[PDB]
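Only one chain is given next, in structure tokens, and it is the form deposited in one PDB entry.
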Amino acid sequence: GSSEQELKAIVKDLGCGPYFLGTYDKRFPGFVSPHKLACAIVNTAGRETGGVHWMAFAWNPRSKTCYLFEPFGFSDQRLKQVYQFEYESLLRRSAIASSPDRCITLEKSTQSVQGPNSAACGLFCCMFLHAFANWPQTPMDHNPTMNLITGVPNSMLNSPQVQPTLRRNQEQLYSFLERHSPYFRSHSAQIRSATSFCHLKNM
């Protein structure tokens, strides 16, 4: 997988520093940023347990949109079932601190970009945050970064027929990082091995 130190260096290389709050566990409080773009990488587990899975949250203060990009695109019920993760409190806190009307639009990905056995979740979150820092009104799709990868229905995550698309996404992710991150370039072989497409495949 990816450690926090790795993800912070790569998000800084991709130009997201001006908006990046850092890496957090499931207790990420939410956004206190009524007038500034902001984003964060958040784990589904608590720091006590050790990391489990990475997601990215991002906030556009002009449209009052809170984006959630979790690389498998699970539904809210599946996030609670699979990872015991819920994010109602951070949405509530974000709306009360950051919008005079106490309302926001939540826009969340509903497709998987990551293979079921891949350990590249944190790297996909970095890639989405480059998309957000440059296209904060359309980060999920229809932008030069996200056009390199292709989501598939989360209900088809384990089906053979979507694997080539998910493997192509992983290849495009690593190539994107080679062109934009000196830190990834200098740790290329190591990060590709620790995050590989079938890193977690059953034996």
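If you superpose the two forms and keep the largest set of C-alpha atoms that fall within 1.5 Å, you have the rigid core. Numbers follow the displayed sequence, beginning with 1.
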Entry B factor averaged over C-alpha atoms, 77-85 against 116-124: higher for 77-85
Higher avg CA temperature factor (135-143 vs 45-53, as deposited) belongs to 45-53
On the chain's distribution of Cα B-factors, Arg102 falls within the third called middle
Of the three thirds of Cα B-factor ranks in this chain, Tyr67 occupies the lowest
For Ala95, the third of its chain by CA B-factor is the middle
On the chain's distribution of Cα B-factors, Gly151 falls within the third called lowest
Assert third(CA B-factor, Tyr174) within chain per record equals lowest
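In what follows, reference is made to the form deposited in another entry, a form of this protein that is not presented.
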Quiz prompt | Large Cα move at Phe31 between the shown form and the other one, threshold 2 Å, rigid core | solution = yes
Please state whether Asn117 has a C-alpha shift of 2 Å or more between the shown form and the other one, with the rigid core used for the fit. no
Does the C-alpha of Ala133 move 2 Å or more between the shown form and the other one once the rigid core is lined up? no
Quick read on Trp59 and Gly30 CA atoms in that other deposited form, 3 Å or more from the shown distance, and they're farther
Taking the shown form as reference, the Cα pair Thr65 and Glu86 shifts by 3 Å or more in that other deposited form and sits closer
